[PDB]
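Peer 1: 3D model of this:
(2 chains)
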Amino acid sequence: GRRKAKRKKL
Amino acid sequence: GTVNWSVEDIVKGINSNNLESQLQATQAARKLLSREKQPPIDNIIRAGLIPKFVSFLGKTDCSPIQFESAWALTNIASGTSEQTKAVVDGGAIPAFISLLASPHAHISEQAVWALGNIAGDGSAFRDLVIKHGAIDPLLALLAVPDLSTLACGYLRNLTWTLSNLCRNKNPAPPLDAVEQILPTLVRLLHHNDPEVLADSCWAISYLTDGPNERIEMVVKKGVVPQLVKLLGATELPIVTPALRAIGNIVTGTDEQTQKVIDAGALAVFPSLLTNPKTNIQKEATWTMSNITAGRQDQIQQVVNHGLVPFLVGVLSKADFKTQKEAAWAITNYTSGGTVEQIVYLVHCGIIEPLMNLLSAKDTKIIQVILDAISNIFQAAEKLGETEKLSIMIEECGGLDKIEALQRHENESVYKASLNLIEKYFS
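Peer 2: Numbering: from 1, shown residues only, chains lettered A, B, ... in the order given. I have put the structure below:
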């Protein structure tokens, strides 16, 4: 069986 | 001189009936929010300046204040979930989507950045931005004959925003949105910029993380060969998301795993399973575990590429999580492979590290190793070679470990150790 952001402008 | 303004001064300038004073105060708030040592985002929010910035976003006859308010709202929405929510509550999503079509490139780039932050907050804001209709202008910004004519930072920000639009699960991105974004993603997956490639691979990995229907949606575009090519790259920020996407794909149907194998992914794993980066080794071993959980011809292709010695080496000396993934790989191998393949796995020296790992405190890896040992014992019984493999286990000290596991806490562990002792050691 097989198993299973924000940027600031400076 | 809009440097080191006070929040009171910014409010006094924005509240004035002077457009130039408003622009000066907005640039001051931008420079204040662009600082690294704790920008007073909450102080700006409490002052009630977000609606003023959203209204400044619409002043088409004053593009400088548009750019300044867009930068300020971008840096505010880049913070916590509450701050991004405060940005969204001011009505900034449709304003930024309108600014997406601005004739000034920097204002459009700032709108792209802000929408990317808002969508990267989570699934709800991502679906809200999609509902507001950002995908159409975002993709129209990239409808060019050659992507090399666009600015580097512009293309990078667009790719990152598109990747954030494909990010997050529960709920997953809408099917129509994914189908709309996918061709542009495939086109970006062939650009020469390393950051664009890394973000496109991250987006593909986001899209392949879920049910097999999404994996098939990604695979039908034929990106697996390019994914393997980028897996063979030298930049780690490119290899990591490519490896994640390859694993997510091999978590699906055996046909998708075979599509991955046909692209030549197994040839890269000799270096992936010995990568100095711990996370790369762990993810490569997890991918190998899911490949060993496939058909017998796929296991034979793993064997043909000489990856069984690499799995043995990872089992012998690696990180504990990498060793757990390796144990899962060996268990899937022994449970799905033929008796000759299990014999070859034994000939490669799997019993000694399999035994040495039985001294771990993690129960799950113990059950996995016990299941693997059981499968090898069934193979030896089918070959009538139970005595020789029992002698092998006893010589390296594994018999003592199984006898000590006979008196273990977990039910499965002690029942297994007792089964194995009474069946093959009597």
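Peer 1: Near chain A, which residues of the stretch 101-250 of chain B are found?
Peer 2: Contacts of the stretch 101-250 of chain B with chain A, taken as Cβ under 8 Å from any Cβ of the partner chain, map to B:110, B:113, B:116, B:117, B:120, B:121, B:160, B:164, B:167, B:209, B:250. Where you see a C-beta, it was placed from the backbone N, CA and C, and this is true even at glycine.
Peer 1: how about a cut-off of 7 Å?
Peer 2: The interface of the stretch 101-250 of chain B toward chain A, taken as Cβ under 7 Å from any Cβ of the partner chain, is made up of B:113, B:117, B:120, B:164.
Peer 1: how far away is the second one from residue A:6?
Peer 2: Just to be clear, that refers to residue B:117. Distance, residue B:117 to residue A:6, using Cβ to Cβ, to the nearest Å: 5 Å.
Peer 1: so which residue of the stretch 101-250 of chain B comes closest to chain A?
Peer 2: residue B:120 (4.2 Å; Cβ to the nearest Cβ).
Peer 1: now that residue, what's its secondary structure?
Peer 2: Using DSSP: H, G, I helix; E, B strand; the rest coil, the secondary structure recorded for residue B:120 is helix.
Peer 1: how about the strands in chain B?
Peer 2: Counting by DSSP state E, one finds no strands in chain B.
Peer 1: so what's the spatially most central residue of chain A up against?
Peer 2: Closest to where the C-alpha atoms of chain A average out (Cα atoms, centre = their mean) is residue A:5, at 6.2 Å. By Cβ atoms under 7 Å, 6 or more residues apart in numbering or on different chains, the contact set of residue A:5 is B:120, B:164.
Peer 1: redo that, cut-off 6 Å
Peer 2: By Cβ atoms under 6 Å, 6 or more residues apart in numbering or on different chains, the contact set of residue A:5 is residue B:120.
Peer 1: which parts of chain A sit against chain B?
Peer 2: Proximity of chain A to chain B is confined to A:2, A:4, A:5, A:6, A:8, A:9, A:10 under the rule Cβ under 6 Å from any Cβ of the partner chain.
Peer 1: The fourth one in helix, strand or coil?
Peer 2: Reducing the assignment at residue A:6 to three states with three-state DSSP gives coil.
Peer 1: ok, now how distant is it from residue B:256?
Peer 2: Where residue B:256 is concerned, residue A:6 sits at a distance of 32 Å (Cβ to Cβ).
Peer 1: How about residue B:188?
Peer 2: 22 Å.
Peer 1: Same question for residue B:327.
Peer 2: 24 Å.
Peer 1: Between those two, point out the one with more neighbours.
Peer 2: Remark: of residue B:327 and residue B:256, residue B:327 carries more neighbours, 29 against 21, as counted by other Cβ atoms under 10 Å in any protein chain shown.
Peer 1: so who does the nearest residue to the more buried one once chain neighbours are set aside touch?
Peer 2: Nearest residue to residue B:327 in three dimensions, chain neighbours excluded: residue B:368, at 4.6 Å (Cβ to Cβ, 6 or more residues apart in numbering or on different chains). Counting by Cβ under 6 Å, 6+ apart, residue B:368 makes contact with B:327, B:328, B:331.
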